[PDB]
Structures are given as structure tokens and as C-alpha cells.
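Data first, discussion second: the structure below is written as C-alpha cells.
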Amino acid sequence: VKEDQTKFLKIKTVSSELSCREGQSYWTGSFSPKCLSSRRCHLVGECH
Amino acid sequence: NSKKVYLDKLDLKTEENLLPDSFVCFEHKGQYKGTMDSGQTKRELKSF
Ligand SMILES: *[C@@H]1O[C@H](CO)[C@@H](O)[C@H](O)[C@H]1NC(C)=O
């Protein structure tokens with residue numbers, strides 16, 4: 001009714017972006033090795 | 001002259017020698033001209 005109601009619904013367009021659709025993935029980091037050594041003479045244990 | 005020492009790694013090596021602890025000396029039971037020089041019903045060894 002004139003001078004009444006007049007309800008406004010607005011659709012603001014904030015932004016348009018070109019998003020990414022990820023495929024495969026994996027993880028990685030920084031690694032360092034540690035070694036334990038044992039020296040045995042021949043015919044000792046499995047020194048064959 | 002120390003206490004227990006815990007280690008992060010076990011790096012150990014063995015070197016051979018000719019000290020008495022490196023030799024396994026044995027003898028037979030019932031062996032002629034040896035200790036326990038009597039008839040045996042079983043073939044067994046003896047420490048020396
Ligand atoms: C002596 O060496 C290992 C023990 O460290 C043993 O397994 C091996 O059979 C022995 N060798 C012989 C009896 O010839």
C-alpha cells in the first residue's frame with residue numbers, strides 16, 4: 001500500500017574470485033638421520 | 001669409577017686378542033690319561 005510496506009531485498013556482489021580445486025596432496029618436513037653401528041669379526045653372529 | 005651412563009646411541013666394536021679369556025678349553029669324559037679316567041656310558045665333555 002502506498003506510503004506503507006515498500007520492503008527492499010538487496011543482493012550485494014562482494015567479490016568474484018577464481019578459487020582453486022585441489023587434487024592430490026601430501027605432507028613433508030625436515031628430517032635428519034641417526035645411525036647405530038656394530039662391527040663384528042668373521043664367523044661371529046651373522047658375519048658370514 | 002663411575003655410575004650408570006645412559007646413551008642415546010649404541011656404537012660399539014669388538015677387537016680380538018689372545019688372552020686366556022678368549023679360549024674355550026675342554027676335555028672328554030672317560031678320556032685316557034685325563035681327569036675322570038673311568039668308563040662312561042655316555043659321550044659328554046668337561047671343562048678345562
Ligand atoms: C661361533 O660364533 C657364533 C657366536 O657368536 C655362533 O653362532 C657360531 O655358530 C659359532 N661358530 C661355530 C660353532 O663354528
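Residue names in the C-alpha cells use chain letters A, B, ... in the order shown, residue numbers from 1 in each chain, and ligand numbers from 1 in the order shown.
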For residue 31 (chain B), work out the shell of residues within 12 Å, counting only C-alpha atoms and skipping chain neighbours fewer than 5 positions away, then give it as a count of residues only. 10
Chain A residues near ligand 1 within 6 Å, closest pair each, using only C-alpha atoms and all ligand atoms, as CSV:
```
residue,atom,partner,partner_atom_place_in_ligand_line,distance
A:43,CA,ligand 1,2 (O),5.5
A:44,CA,ligand 1,5 (O),4.2
A:45,CA,ligand 1,5 (O),4.4
```
DSSP on the backbone, strand (DSSP E) only: what residues of chain B does that give? Format it as a count of residues only. 8
With 12 Å as the limit and counting only C-alpha atoms, what residues in chain A lie close to chain B? Please list them as a PyMOL selection string. chain A and resi 34-42+44
